[PDB]
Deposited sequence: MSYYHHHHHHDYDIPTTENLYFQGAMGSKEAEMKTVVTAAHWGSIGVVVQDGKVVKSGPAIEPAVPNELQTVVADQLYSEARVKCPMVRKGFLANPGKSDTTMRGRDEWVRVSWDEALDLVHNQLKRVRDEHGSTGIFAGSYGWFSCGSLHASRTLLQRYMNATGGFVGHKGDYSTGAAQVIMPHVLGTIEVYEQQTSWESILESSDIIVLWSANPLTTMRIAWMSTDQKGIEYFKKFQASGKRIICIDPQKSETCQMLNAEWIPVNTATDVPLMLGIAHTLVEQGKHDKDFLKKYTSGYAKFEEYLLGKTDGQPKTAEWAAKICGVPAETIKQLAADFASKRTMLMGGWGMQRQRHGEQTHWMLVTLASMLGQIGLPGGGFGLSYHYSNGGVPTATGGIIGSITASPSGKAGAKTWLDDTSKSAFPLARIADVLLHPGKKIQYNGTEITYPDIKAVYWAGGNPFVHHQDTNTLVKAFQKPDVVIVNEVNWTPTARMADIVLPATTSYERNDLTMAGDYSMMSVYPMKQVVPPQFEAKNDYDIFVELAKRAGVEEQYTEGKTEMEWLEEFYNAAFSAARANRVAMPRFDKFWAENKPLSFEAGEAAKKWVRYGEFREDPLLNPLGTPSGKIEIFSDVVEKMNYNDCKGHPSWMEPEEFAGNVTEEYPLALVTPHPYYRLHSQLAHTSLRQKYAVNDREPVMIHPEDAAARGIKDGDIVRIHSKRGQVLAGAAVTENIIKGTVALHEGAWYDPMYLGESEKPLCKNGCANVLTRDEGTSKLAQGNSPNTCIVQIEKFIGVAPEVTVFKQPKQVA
C-alpha cells in the first residue's frame, strides 16, 4: 500500500497528482473545495497532449533568410524541426542583430499573459530578466484585467483599489443584508488566482447564500454565479451600467435616501455632480425613467433597487467586465459615487469592493509569512499594453494617456513567453497584420497555440508538473505555502523557460548574473526563507525548507481576530482629517479637478454617460445584436482548451454562443446549430446555446477559444469580432465588450477544427 500522490499546484489550486509507473493517472484537489473545480482534473491531458510543442521549430522561410524573410508567411508556412543548439544560436544571433542596429527600444518583451503560478518558473519574468541582463527591452503599462479601473481609481481614491484586500468576508456574513454582484461572476472567476486559489472565496459566497440573505446579480447574462446561488437576476444591456447607476442615484436624491452628511464630510465635488444628475446643466434629469430606456431595467425596478440599497446594509461588489469596454473608466467611478451617496463606506458589511470576484478578495489575511519570487532585475517607450497592434504597425504615432503624451517605439523583434495574444488581443485579423512587421518573432510555448503558430521560432516549454517550485494560497489570505513538486521529467524535448534563458544568457556572456550561481533548489530555499523570517517576526513557527519540501504538503497559517474583523476604509470613516485619502482633497473625488483639467472629450471631471460607438443602443440593420465576451468556466482564458474539458461546453464542436430564443427563432436557429457570427472586424463559427439566460438583443461568446482561421475562425475565438480601441484618453484600456454583430445559421458541412493538431512540417 503505497503513497503514490505528488502534491503540486496551479492557478486553479493545490493539486494532488497520482502517478503509476511513472505515468500520471489522476489529478484533483489536494484540499477539498466547497464546489468541485474541474480545472484540477486534467494534469495528464496537459502533460501528454498531442498539441504540445515537442521540439524546437523554425519557419521554413525564416530559416532560409533569417530576419529578412517574407513575413506575410507567418501563420501559413511549413515548420522545420531543429536542435536546441541551432535554435538558441539563431535566437541569440537575431536578437544581437536588433540590439546592434536598433538597441533595446527595438525589442518588445512585454509578453503579457498568465503563464503558470510559481515563484521561480515564472516564464514572463524569466524572459524579462534575460532581456534586462542583455541590455533592456520595451515593456508596457497596465494590464487587460483592469486597464481602465486601475487608472481612474488613483484619481478618485488615491490607491489602485482593484488589487487590494477587501472588507473581511466574516464582516459581510455577519452584517451585510444585501450583496450586489455588479458585472461579477465569482463562482466562475474565483476558480483561479494569480498565485494559487485558496478556494475560500467561493466557500464564502456559498455560506452567504445559505444564510438566506439577498444576492442580486446585475449582468446581461444570468451567469453561472446567478444560477448556482439562485440569486436575483437584473438583466442589463452591456455597457449601460452608468445609466442604471445614475437612475438609482437620482432616485436616492428624490426620496431623501442619500447620505448628505457623508457626502459633505468624505467626498469632494458631490454638488457639481448633482447638477448633472438633476439635469440643471444639460436639461435632462437622470431619472429612473430616463435610465430604463437605455439600460433595459424597468423604472420601478430601478427605484426599488435604490430603496433597498439604502434601507439595508449593502455591499456593492463590482466586477471588471463592465470596465473592459469603451468609456470603461466611468463604471467603477460611478459605482464608488453611488456607494458614497449610500453612505455605508467604512461600515461593517457596507460600501463597495472591487476584488470580491477576483482571487478570493476578502478572505481574512492570515498571520504568517510570504515567500519571495524571482525578479526581472539581475521607460519613455512603454505604452498602454492593448495598443500593441497599433505600436507594431505604426512607429512614431503619438497618443494621449492619463494627462501625458506617449510616442510609439519602432519594434523589430517580439518575444512572447507565457501569453497568447492571438487569443487575448482585440481584432485578431488586424493583429495578424501587426505581426508581419517585426523582423523576428520568438515564442516559448507549452502548446501549439495560435500565437506559436504565428511565430518564426517556437521553443518548447515545460508545464509546472515537469519542474519544482513554490507558490502561495492566494491572492489575499496568504493562508498557505503550497509546494509544487516535480511529478515527471520534462516531456519530449521541452525545457523549463529558466533553462532556455540560461542558455541564451550564456551565449550573451551573462549567465552568472542571470542565475546568481544558484541551483533550482537554492532559489526555492531563498524564496521560502523570506516567508520563514517574516513568519518568525509574526511569532509563527515554520519548518525549515528541507523539512517542508520533504513533507510535500500545504503548510497552512491561520487568520486572527483583527483580520476577521477588518473593514476597508474603516479608518478613513472614523476620522478622515487624520486618515485622509491620497487624493488632492484627502477625500473621495466624485469631481476630479485633475481629470477635468486634462480636457478629454471621452472622460470628464465627474462620472457621466457617453454613448459608445457600438452597443445595444445603436445596433444597426446590418449588425442588430450586441456582444459580450465573459470569462469561461472550463478554461483559464485559452489554457486547457486542448484537454478533455472541451467536451463539457463545446456545441457541435464549436465554442458555444448564448442566444435568446426570440433572436434565434427570427433566424431559424435551433439549439445545437452551428452559426456564423460576424462584425465589421471578422467572422467566427459557434454552436448555438438557445437560452433565456441572456438578455434579448445580446449574445454572449466567452473569451479564450483558440483562433483557427480559414478570415473566418472555425473554432469561435471572440476577439476576431471585437474592436481594438482605447477605453478613453484617460486609461487607454482595452474595449472588447462594446461590440455589435449579426448571426446567421451556418448551412451545410462544417469545417473541422485543426488548431489542436501538430502543425504542418517539412517532408
{"item": "Missing stretches, numbered from 1 on the deposited chain sequence and kept in order", "value": "1 to 30, 409 to 421, 754 to 760"}
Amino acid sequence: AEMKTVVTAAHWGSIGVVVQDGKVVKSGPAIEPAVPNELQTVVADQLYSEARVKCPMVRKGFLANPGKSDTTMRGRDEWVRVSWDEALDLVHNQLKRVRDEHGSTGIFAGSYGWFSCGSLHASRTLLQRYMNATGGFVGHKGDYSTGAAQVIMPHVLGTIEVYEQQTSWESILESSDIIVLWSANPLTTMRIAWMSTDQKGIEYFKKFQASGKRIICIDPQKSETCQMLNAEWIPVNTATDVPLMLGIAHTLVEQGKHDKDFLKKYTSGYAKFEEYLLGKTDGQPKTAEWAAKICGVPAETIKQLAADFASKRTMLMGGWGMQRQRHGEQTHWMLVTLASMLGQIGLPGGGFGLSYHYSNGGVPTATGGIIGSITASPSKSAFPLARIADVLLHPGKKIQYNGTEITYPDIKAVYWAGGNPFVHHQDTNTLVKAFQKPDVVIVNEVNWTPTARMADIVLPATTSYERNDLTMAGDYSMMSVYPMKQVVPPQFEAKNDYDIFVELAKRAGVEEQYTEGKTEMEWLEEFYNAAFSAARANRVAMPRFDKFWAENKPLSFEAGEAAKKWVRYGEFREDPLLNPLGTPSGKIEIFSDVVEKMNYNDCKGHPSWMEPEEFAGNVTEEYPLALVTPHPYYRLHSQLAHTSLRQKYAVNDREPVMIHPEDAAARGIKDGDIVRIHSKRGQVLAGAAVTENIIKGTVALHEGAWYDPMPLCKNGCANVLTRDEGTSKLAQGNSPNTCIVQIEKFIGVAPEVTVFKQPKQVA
From here on, numbers count along this sequence of modelled residues.
{"property": "Stretch with the greater mean C-alpha B-factor as recorded in the entry, comparing 351 to 359 against 310 to 318", "result": "310 to 318"}
{"property": "Stretch exceeding the other in mean C-alpha B-factor - 275 to 283, 558 to 566", "result": "275 to 283"}
{"property": "Top Cα B factor in the deposited entry, candidates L95, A452, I669, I202", "result": "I669"}
{"property": "Highest recorded Cα temperature factor - choice among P580, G419, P632, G605", "result": "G605"}
{"property": "Third of chain Cα B-factors occupied by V17", "result": "middle"}
{"property": "Relative C-alpha B-factor of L721, binned into the chain's lowest, middle or highest third", "result": "middle"}
{"property": "Assigned third (lowest, middle, highest) for the C-alpha B factor of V753", "result": "highest"}
{"property": "Chain third (lowest, middle, highest) by recorded CA B-factor, residue given as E78", "result": "highest"}
{"property": "CA B-factor placement of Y707, once the chain's modelled residues are sorted into thirds", "result": "lowest"}
